[PDB]
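What follows is one structure encoded as structure tokens, with my remarks underneath.
There are 4 protein chains.
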Amino acid sequence: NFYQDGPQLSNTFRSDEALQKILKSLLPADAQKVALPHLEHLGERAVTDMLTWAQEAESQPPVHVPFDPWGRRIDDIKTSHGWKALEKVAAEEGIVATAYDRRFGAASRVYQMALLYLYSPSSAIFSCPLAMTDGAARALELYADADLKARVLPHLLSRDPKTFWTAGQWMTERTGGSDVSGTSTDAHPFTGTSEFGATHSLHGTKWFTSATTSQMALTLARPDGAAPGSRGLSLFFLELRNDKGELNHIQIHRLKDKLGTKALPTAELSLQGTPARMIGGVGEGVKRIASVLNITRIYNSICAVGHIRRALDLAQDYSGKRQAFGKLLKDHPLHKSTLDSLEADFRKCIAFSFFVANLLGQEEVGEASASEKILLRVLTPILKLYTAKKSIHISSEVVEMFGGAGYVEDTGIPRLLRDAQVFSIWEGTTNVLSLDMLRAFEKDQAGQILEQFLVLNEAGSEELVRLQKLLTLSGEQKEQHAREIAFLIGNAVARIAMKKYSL
Amino acid sequence: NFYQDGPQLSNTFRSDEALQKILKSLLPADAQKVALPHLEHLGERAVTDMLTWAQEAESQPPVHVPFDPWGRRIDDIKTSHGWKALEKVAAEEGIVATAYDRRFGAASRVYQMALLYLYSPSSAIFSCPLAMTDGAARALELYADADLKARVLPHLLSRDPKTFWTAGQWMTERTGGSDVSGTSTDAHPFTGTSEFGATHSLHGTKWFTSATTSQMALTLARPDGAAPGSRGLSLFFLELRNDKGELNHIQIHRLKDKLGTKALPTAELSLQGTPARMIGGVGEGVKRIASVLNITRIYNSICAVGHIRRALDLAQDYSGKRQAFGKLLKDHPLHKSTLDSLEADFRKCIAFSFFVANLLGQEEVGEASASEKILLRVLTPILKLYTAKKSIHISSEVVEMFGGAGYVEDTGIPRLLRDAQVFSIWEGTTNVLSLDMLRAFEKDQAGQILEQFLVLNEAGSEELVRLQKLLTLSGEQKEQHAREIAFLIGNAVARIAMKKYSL
Amino acid sequence: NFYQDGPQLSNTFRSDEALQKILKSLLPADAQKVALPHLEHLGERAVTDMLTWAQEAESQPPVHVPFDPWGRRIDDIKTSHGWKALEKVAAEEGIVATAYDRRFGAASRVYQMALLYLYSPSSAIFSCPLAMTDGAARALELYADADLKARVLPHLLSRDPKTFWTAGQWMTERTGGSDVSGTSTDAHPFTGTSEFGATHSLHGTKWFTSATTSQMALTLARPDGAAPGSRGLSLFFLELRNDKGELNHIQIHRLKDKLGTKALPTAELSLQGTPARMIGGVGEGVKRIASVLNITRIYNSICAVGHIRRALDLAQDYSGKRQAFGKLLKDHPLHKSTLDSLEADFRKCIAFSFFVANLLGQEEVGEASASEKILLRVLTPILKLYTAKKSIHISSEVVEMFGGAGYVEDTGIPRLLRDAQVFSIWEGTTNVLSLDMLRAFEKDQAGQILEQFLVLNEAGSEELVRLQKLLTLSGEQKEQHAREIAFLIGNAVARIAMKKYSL
Amino acid sequence: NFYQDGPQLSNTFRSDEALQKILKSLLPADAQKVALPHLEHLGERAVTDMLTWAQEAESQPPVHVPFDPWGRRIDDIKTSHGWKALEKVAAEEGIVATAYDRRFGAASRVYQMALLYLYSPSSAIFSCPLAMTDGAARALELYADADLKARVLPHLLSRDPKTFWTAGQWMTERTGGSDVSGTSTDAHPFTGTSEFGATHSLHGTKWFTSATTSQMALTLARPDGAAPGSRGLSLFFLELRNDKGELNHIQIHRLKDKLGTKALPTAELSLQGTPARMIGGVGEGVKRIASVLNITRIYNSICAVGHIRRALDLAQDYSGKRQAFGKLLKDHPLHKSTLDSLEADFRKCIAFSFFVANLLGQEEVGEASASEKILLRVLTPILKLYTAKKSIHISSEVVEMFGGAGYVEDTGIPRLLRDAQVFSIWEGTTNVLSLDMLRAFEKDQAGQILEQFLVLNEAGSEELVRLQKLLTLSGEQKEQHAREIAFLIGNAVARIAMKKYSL
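Rendered as structure tokens:
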């Protein structure tokens with residue numbers, strides 16, 4: 003009898019006209035002759051060996067083994083081979099390292115984000131460890147002494163799987179993740195020896211972490227006698243293991259059982275005298291880790307848009323295979339209209355994301371003006387919250403486009419919704435990032451810089467005037483309308499970027 | 003140190019001012035003196051023994067046991083005690099039966115839907131079998147002879163758990179659920195024995211079913227020699243087991259592993275000569291199930307709005323317990339604005355749902371005018387698609403309101419999203435129901451009756467002309483705008499109902 | 003086609019002629035008119051509601067939940083309803099309490115062991131907590147002050163499920179279970195308050211425990227400044243929880259994943275300042291807990307023989323249902339011979355066990371002579387190691403009697419082997435108990451008392467002379483032959499007991 | 003504090019003096035210079051990469067996937083990478099193929115069985131598919147025409163993992179495995195297409211199989227019109243899949259959930275018109291498989307003895323690491339005596355196994371005398387039942403030697419018992435093989451040849467007359483004593499072999 007043909011993917015570089023148009027606009031000729039063959043290669047991996055490895059990892063979530071059979075506390079995390087293979091891919095394909103090889107100026111970061119864009123949707127969210135890894139590298143690059151950099155950066159930026167390290171960012175505690183002022187981890191002076199010049203020992207509990215699959219982490223802690231709240235916090239570097247391969251006074255409580263990102267180990271950890279090294283000076287921890295957030299927020303946006311592209315690729319292919327009421331779905335005007343609406347949102351998201359990625363590249367190579375640095379600071383929280391909300395909306399619509407099959411896990415479709423929902427939570431909720439945006443307006447004339455940019459780049463008169471109205475509201479009402487303001491700006495910049503890239 | 007206090011529920015009758023206002027409007031005094039004490043009692047169960055049973059059922063999904071240890075095909079489905087307990091609650095509390103005791107005229111159905119509204123969110127979606135059970139009761143009431151009614155209705159409408167039956171509705175096949183014209187199940191004339199006057203034996207595969215724990219089912223099949231497509235389909239009644247308790251030539255292929263509704267068994271079944279009894283004549287099947295669909299689509303809506311209420315109850319309670327940046331969440335203007343927006347959608351949904359529930363009650367007791375019957379027919383698909391989309395949107399926002407905790411399954415919060423996503427899929431997707439709406443407009447000039455209703459009851463000026471603008475469009479452009487039309491109408495009717503009930 | 007009829011059980015009092023003959027010999031008329039109706043009742047439960055509950059418990063092993071969803075350490079152990087129900091049965095049926103109601107003199111213990119014999123094989127090894135409970139009661143009865151006894155004994159000996167307590171015996175540490183001299187748990191003086199007059203706080207790790215399902219435990223610990231090795235150990239009483247239902251500075255590391263006894267929670271625990279009360283004086287812990295071992299060893303023997311009876315009941319029933327080569331298995335001479343051999347071993351085991359149970363009863367009611375107390379001390383380790391080895395041999399033969407089906411878990415047959423294998427491990431291995439036997443010979447002229455008993459009761463001349471030879475060997479050779487000696491004596495006493503009971 | 007050192011293995015060629023002595027006796031110089039380096043290499047793999055792969059396979063049992071996500075029946079079996087790796091090892095190391103390279107005459111089979119002896123205990127029972135693969139190769143060698151041999155033997159005997167095939171032997175049905183006369187699978191004449199010259203289509207159910215990962219199988223079926231019982235059964239060859247990789251009308255009902263051999267897929271299968279090719283004539287099936295059974299029963303024996311060796315290697319190592327009562331276990335006379343007893347049984351088993359392996363080699367290269375061929379036929383069932391019972395006894399004692407740890411699965415010790423218990427069940431129970439032995443005695447006066455062999459080679463005086471006493475008993479009393487006869491003979495031959503090999 004009848005069996006429905008399921009959705010199939012095709013090379014995700016060649017299938018993505020929007021990505022190609024953007025790169026033709028943002029990459030100079032010399033970058034293109036390196037980057038484009040690499041991207042076509044990665045696009046093939048994304049739908050072949052990576053796709054298989056990601057499915058394996060999703061199907062075999064990590065398992066915590068606290069004790070060996072004779073009672074020794076080992077806190078092992080067992081992972082799938084697929085998960086380990088995707089880590090090796092991240093190293094050898096230079097998914098992080100490409101940004102730090104600045105041959106192509108601002109285009110180095112654009113090239114790297116393009117690699118991430120293809121890699122992430124077939125990575126079972128290994129792209130999240132990559133974001134934290136990239137962030138840690140930059141933080142060390144900016145603030146760490148020469149000896150610490152010489153030790154760690156060759157690992158984080160390695161193209162060699164056998165020497166590649168990932169980093170964790172352990173910022174969230176039970177008191178809060180949005181607000182870290184309640185951080186209860188203490189840092190006592192330490193005078194023992196260590197391989198990285200530890201200065202303190204850490205004591206506390208970290209409530210969401212990427213567990214023990216990372217070799218290093220950055221974290222916040224409060225030194226003996228330091229002030230209460232955020233001002234008392236310093237940034238610390240630590241390595242998870244010693245020479246032995248033994249955990250450095252770190253205990254794993256358990257893995258979280260999550261809605262999605264199931265292949266990613268997310269653990270609750272206790273630091274029990276973990277040796278650590280302060281990065282920067284006392285009380286500057288929050289500000290120091292602040293200057294990395296443009297990276298992690300932009301990784302999140304690019305991953306969210308890659309996720310959107312994956313969901314739509316599956317939906318588009320199915321729409322040309324499933325018939326109802328005598329027609330293929332793609333030929334039903336209402337279905338086609340729905341598809342078109344989602345694709346239009348996709349084009350906004352990818353243009354907005356790469357516009358901002360290019361600004362990040364400019365800043366990293368020292369080409370950004372003072373005002374441009376402020377503009378980047380304003381746009382990244384907006385980009386993040388905008389692409390994340392769109393990714394959830396689009397994923398939910400795609401689940402429904404598959405009908406009953408979309409609700410059944412072995413089709414691979416429910417994962418689209420479960421994983422998308424993370425994008426609007428980690429690294430800031432919609433509302434927290436909307437307030438970060440509003441806050442930014444208050445300082446360094448950020449509001450005016452944003453307005454000059456929108457006027458110069460010919461944002462719509464209607465949206466310009468509506469923005470001016472919203473920004474004249476009371477403090478209280480601007481907070482109440484902070485989402486509206488963020489999405490107004492996001493849509494305006496997305497349209498500007500689309501025109502710029504001829505999308 | 004610090005541990006966050008998690009969300010807590012309270013009696014869901016006493017906590018719901020909107021439900022109480024609606025019932026003060028819709029229930030006459032005599033109905034109130036029976037119904038309100040019953041609802042307060044049920045509201046207490048919803049947050050005590052039912053809540054525990056539902057958690058147990060979610061935690062222990064059903065398991066298929068195809069073979070006994072000696073190779074006999076038994077196709078057992080093992081379920082939790084909690085699941086069985088929630089079934090007993092449905093019977094003893096009259097979650098279905100209350101509607102069929104038409105003591106209170108049209109208010110009997112309103113009283114029943116209020117019971118469902120409190121029951122469903124603490125039922126681990128046992129309310130879905132109840133919808134199909136109610137639908138089957140009505141179909142038999144309208145179309146079955148006295149002997150079949152006397153046999154079956156005392157079971158479906160039982161208040162005695164020991165004699166209560168549920169029904170399945172087996173309409174979807176691999177070829178389609180939206181479009182059932184492709185139904186490939188054959189019905190051969192049958193003269194063997196059965197307890198219910200079987201006329202045919204059925205041969206085919208049913209692709210989504212509530213499996214084999216229901217005692218009876220309604221289904222569609224094509225009798226020998228019948229026309230192709232929908233015109234060849236007849237409605238059939240069948241009982242799943244014989245007196246020995248053996249399945250009547252039904253095999254379970256497997257249970258679906260689903261995104262959500264995990265406590266609910268959803269099975270793929272093969273009918274292998276299952277005896278069945280034709281209800282009505284050849285080619286009348288699709289038309290006969292039309293009045294089963296009105297009931298299930300209103301059940302779906304009431305269940306979706308009860309789900310919204312549960313999500314918001316959890317969010318509201320947490321918002322008074324969780325601190326960030328120096329304030330409880332409920333005291334942050336943006337957080338409060340977000341909550342207010344969700345509550346506003348809730349009030350639209352609950353008013354719209356009970357407005358339609360009242361129309362259903364009017365029709366069932368023979369008190370509905372021609373226009374009211376037409377209004378009921380056009381509004382039911384709109385109500386279903388409207389409440390389903392709102393429930394998904396609100397659930398996703400509530401998951402995000404809990405931050406990282408919202409993404410971790412043991413908090414009970416991710417279930418809100420996973421379960422909500424089913425509401426826009428079963429019983430019709432948004433687009434399929436929007437087209438059903440448009441088709442309904444075209445017949446008996448139903449479209450005109452709706453518009454006079456909207457004009458008479460003083461719908462909003464702008465949205466009305468925008469709505470009127472859309473209904474004058476060409477056929478295909480009208481299809482492209484079918485969603486917008488549905489949501490405009492839904493919002494207009496919700497506003498009318500809220501005013502009517504003083505919400 | 004063909005389906006094999008599987009094995010079925012029948013009332014295990016009425017089906018057991020050997021048990022009935024023994025009780026007709028050991029129970030006086032007044033005891034019989036109470037005990038026999040009770041046993042017939044329990045025999046019916048063993049094959050009805052208990053059997054179902056035990057299967058549920060085996061099918062749903064206990065699960066450790068260390069943390070609540072908000073990070074509080076709760077160390078819950080989730081168990082099946084069946085497991086909880088079997089606990090209630092133990093209380094209401096007086097499976098422990100009957101022995102301590104000494105109306106019937108020495109026959110009270112015999113009556114109780116008969117209850118255990120029927121209960122244990124349908125208890126999913128809840129009989130193990132009962133053994134430790136009985137033991138704890140006796141220890142408190144002998145050595146605890148009046149106030150501690152008045153508090154605890156009404157719980158341990160309760161017939162009321164709502165007030166019934168079980169006890170754990172936490173003797174094994176990582177250094178050893180056979181040899182407890184390496185015990186590393188410290189007992190520091192304690193001056194805080196507690197509900198049971200705690201005198202110390204305990205600090206250490208207990209490597210095999212019955213987890214948190216018990217309300218109290220007995221354990222060994224070394225007080226501040228005490229001698230090394232066994233002589234430095236004292237016996238302690240502790241309660242697992244306080245008023246709150248909170249664990250008293252007890253942390254659960256994990257549950258063991260075991261070969262069998264899967265329904266029984268077996269945990270690794272850390273005592274982290276657990277309040278405890280010393281029982282008896284400093285350094286007498288090993289000797290004090292020594293005087294209970296006759297109880298736990300006899301429980302183990304009775305449970306092992308009940309296990310044998312269950313395996314043989316299943317095998318006998320199957321042998322009358324399965325045909326091969328034209329005959330039922332029971333009519334194949336070699337199969338029948340194999341069955342007869344196993345049954346002969348059963349009759350030895352049950353006679354030996356109840357002979358020893360009767361000696362225990364005599365001692366507990368003060369009717370035992372000095373020599374009889376010594377005889378009991380010699381016979382209990384022999385009984386334990388003998389019945390345990392036989393239970394494993396018989397279970398393995400029964401698995402094989404079922405052919406391929408015996409190797410498949412859903413038949414319930416592999417459990418027979420997996421569970422039996424525990425009998426020869428807990429409470430002493432074959433070799434450790436054989437050496438305990440040899441040790442006993444050395445003191446209080448135990449060897450001669452044993453010989454006088456065997457001669458008086460007309461043991462076989464051949465076995466008598468062989469025993470005399472073995473006992474004249476060197477110290478080294480007697481140890482090498484300790485198993486042979488134990489089984490020679492066990493078989494001799496079993497034959498004596500069988501003749502005495504007309505088996 | 004203290005953590006117990008667990009057991010460790012070492013190269014299992016170098017650690018095995020008995021194996022080396024046997025091979026110095028059985029392998030001529032030219033065979034030794036090839037075989038000994040190969041065996042030392044394999045002995046290293048057994049405790050390194052194979053050990054890890056076997057642990058992985060045990061930890062991740064196979065999973066049946068009956069349907070793809072769109073409802074297609076695929077009956078996939080998902081296996082671990084470790085399982086697949088152990089299959090590749092079997093090919094590349096020539097664990098089967100070495101026997102068929104008869105370079106070394108009868109010593110080729112001895113060399114091969116030595117490879118199997120080292121491979122099997124670290125193979126997670128992949129050695130069972132190898133036994134059936136070897137059996138199938140021999141059957142085709144004897145009975146298949148040139149074209150079928152040319153097609154299939156290069157696969158079964160391949161050293162290239164990419165072309166290696168395994169075979170199933172599907173003999174057992176629900177009616178019986180010991181007695182196959184009840185076989186109900188029909189064979190209808192067939193003229194459709196196939197790659198191997200199929201003659202019939204098979205219809206029936208196979209109750210224990212190694213499932214669908216093997217490429218071919220041998221099986222019994224009753225052609226249309228054939229006689230009832232064994233006289234109607236013919237031997238059939240079939241290939242499981244077509245060129246597309248689709249199963250050839252074979253459905254998997256389920257995988258068995260077993261006591262042990264958990265890595266091995268054991269499935270219940272239905273043949274639904276499976277094309278097959280008759281090998282030989284009608285009614286010759288049972289006779290034709292007789293020479294497949296000799297090979298598999300010797301494989302079983304060698305695997306059982308390799309299992310014994312693994313258990314004892316673990317026990318021996320632990321005995322030098324675990325202290326109790328002031329001494330390492332190995333220095334306690336009773337513990338040492340117990341170990342010595344087990345090792346003595348091991349030496350009997352390994353000598354007996356290779357003695358028979360040599361006879362098999364002699365017969366396969368045409369060098370065996372009439373008496374040797376008869377000796378091989380009578381000894382093979384005895385060897386199988388003898389080694390199987392010893393392996394279970396020794397495994398149980400080894401589990402107990404580890405104390406509580408022996409009962410906990412993560413130590414790897416309980417597997418020893420669970421897996422050993424299969425050896426006395428598959429390929430014939432103790433009693434069925436004992437009767438096979440007796441039947442063999444009765445034909446061609448084989449019984450007499452054995453006894454002269456025993457007398458000639460100077461069997462023990464007492465046991466011989468006791469054995470001679472038993473063989474003169476009446477038919478039925480001889481049946482009742484069939485086990486005793488088998489074990490007397492086994493012990494006598496083991497003593498003869500040990501002397502012959504200087505063990």
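Residue numbers (the authors' numbering), protein chains in the order written: chain X, 3 to 505; chain A, 3 to 505; chain X', 3 to 505; chain A', 3 to 505. A prime marks a further copy of an entry chain.
Positions of the beta carbon are idealized from the N, C-alpha and C atoms, including for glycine.
Contact set for residue i: own chain, Cβ-Cβ below 6 Å, skip 5 residues either direction
i                     : result
residue 485 (chain X) : 436
Under 7 Å by beta carbon: chain X' residues contacting residue i
i                     : result
residue 413 (chain A) : 71
residue 8 (chain A)   : 71 and 72
Three-state secondary structure (DSSP) of residue i
i                      : result
residue 173 (chain A') : coil
residue 209 (chain A') : strand
residue 277 (chain A)  : strand
residue 392 (chain X)  : helix
residue 78 (chain X')  : strand
residue 241 (chain A)  : strand
Proximal residues of chain A, C-beta to C-beta of residue i below 9 Å
i                      : result
residue 255 (chain A') : 68, 69, 73 and 75
Whole-number beta carbon distance between residue j and residue i, since they are thought to touch under 8 Å
i                     : j                    : result
residue 121 (chain X) : residue 44 (chain X) : 6 Å
Neighbourhood of residue i by C-beta distance below 7 Å, restricted to the same chain and skipping five residues each side
i                     : result
residue 332 (chain A) : 321, 322 and 338
Residue i versus the options, residue with shortest Cα-Cα distance
i                      : options                          : result
residue 363 (chain X') : X':102, X':195, X':317 and X':38 : X':102
Interface residues of chain X' facing residue i [CB-CB closer than 9 Å]
i                     : result
residue 176 (chain X) : 72 and 73
Cβ shell of residue i (< 8 Å), same chain only, five flanking positions each side left out
i                      : result
residue 416 (chain X') : 401, 408, 409 and 410
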